[PDB]
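The form deposited in one PDB entry is given below as one chain in structure tokens.
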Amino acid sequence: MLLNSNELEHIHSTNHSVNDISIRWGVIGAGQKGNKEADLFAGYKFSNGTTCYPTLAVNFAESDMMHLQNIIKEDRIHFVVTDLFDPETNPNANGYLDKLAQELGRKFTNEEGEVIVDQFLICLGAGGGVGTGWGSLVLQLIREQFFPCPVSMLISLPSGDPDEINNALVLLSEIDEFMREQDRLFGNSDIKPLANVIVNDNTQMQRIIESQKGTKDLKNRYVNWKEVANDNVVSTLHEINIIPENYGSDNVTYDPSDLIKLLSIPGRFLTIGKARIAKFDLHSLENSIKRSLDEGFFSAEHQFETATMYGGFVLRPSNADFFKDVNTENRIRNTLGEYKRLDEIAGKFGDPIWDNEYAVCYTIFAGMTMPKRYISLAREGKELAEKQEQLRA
């Protein structure tokens, strides 16, 4: 079984009764990068050997996905991207959608035709010709009522190529437009066809993992940071799925239903801060939380001020006086208050107890508008294209 993080090692070492998740994800990878993340999700098992997420990976050719390890070959489905499925700019384009539908129908459905998931978690790299093509397709499919469940999109944002940047901005804008119509039509308390979009930023993630784990001078120079980022983003998502179902508190208990609400109704951009706390003092607490939010794996200059829901939990040792202390409680609240004043929006924050000696603070903000990464990314795009044409003598 996949033990992608120290947290996953700790919960499975100390609790062998982890047999359910809060929300039944149907995981679909679409790009190469999406297929990597999807392959990690497929690796997860319960305490009993059973697999957590029924998952698929998608591309055009067999050759793509040849190195996947947890997604079996049948679940490896193969057939610019949003030109193949269009009825006009392609003859027998419905042949592609029918194959998409049938494959989706067989993985995510009973023998008696029952959908075995609550929400589709769709992973794709934005910017890449394939990923941004795929993301544009997903959006259109939602508009056509293709999926029998809401979708959550997990998207990574590129850097370094002005053409990938252009592609990513086009998708983000299409996503923004969709969210705008949806937020107008649905109403605050209704489940949304697009449950959320969760953004990861390549240049942000590369900074974190390359500014660390090289404490001497040498960066090992062969470790693909992406693989490191995949581990971190996917484990965090699996973790927030498992914790509410498997851990409770003698104080404020965060339930699966709270998570479901948080993940399904806000309908817009969502982010997560994962902060481990080993030093039990106020300053280290405040600092790790702020780091997790502003310089973590899910950071993208998010518009926290615009959040409509929050949630989270501190997974803390039983009988640690620091996490029974009202000064600590007030410090978490006050730190989160700097992103979005919590008085103004729905949500709660639990303190589930686990059987280990450190704490992990998970902070979630949902229903935000466009990550300001859109702006810095448009700025870099221009700089890059400028220097591309510049010096060209």
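Residue indices: 1-based, along the sequence shown.
The same protein also exists as the form deposited with a small molecule bound; that form is not shown, yet it is the one meant from here on.
- Three-residue candidate spot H12, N19 and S47; no residue lies within 4.5 angstroms of the small molecule in the entry with it bound by any non-hydrogen atom.
- In the entry with it bound, the small molecule sits within 4.5 Å of a heavy atom of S156.
- The closest heavy atom approach of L237 to the small molecule in the entry with it bound falls outside 4.5 Å.
- Interface residue remark: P317 is not counted as part of the site for the small molecule in the entry with it bound, having no heavy atom within 4.5 Å.
- Contact check for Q32: a heavy atom falls within 4.5 Å of the small molecule in the entry with it bound.
- Contact annotation: the small molecule lies within 4.5 Å of heavy atoms from the stretch 157-165 in the entry with it bound, the single such stretch among 157-165, 135-143, 285-293, 272-280.
- Only one of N230, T82, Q204, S152 lies close to the small molecule in the entry with it bound, with a heavy atom inside 4.5 Å, and it is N230.
- A single residue from the set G248, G129, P256, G95 has any heavy atom within 4.5 angstroms of the small molecule in the entry with it bound; that residue is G129.
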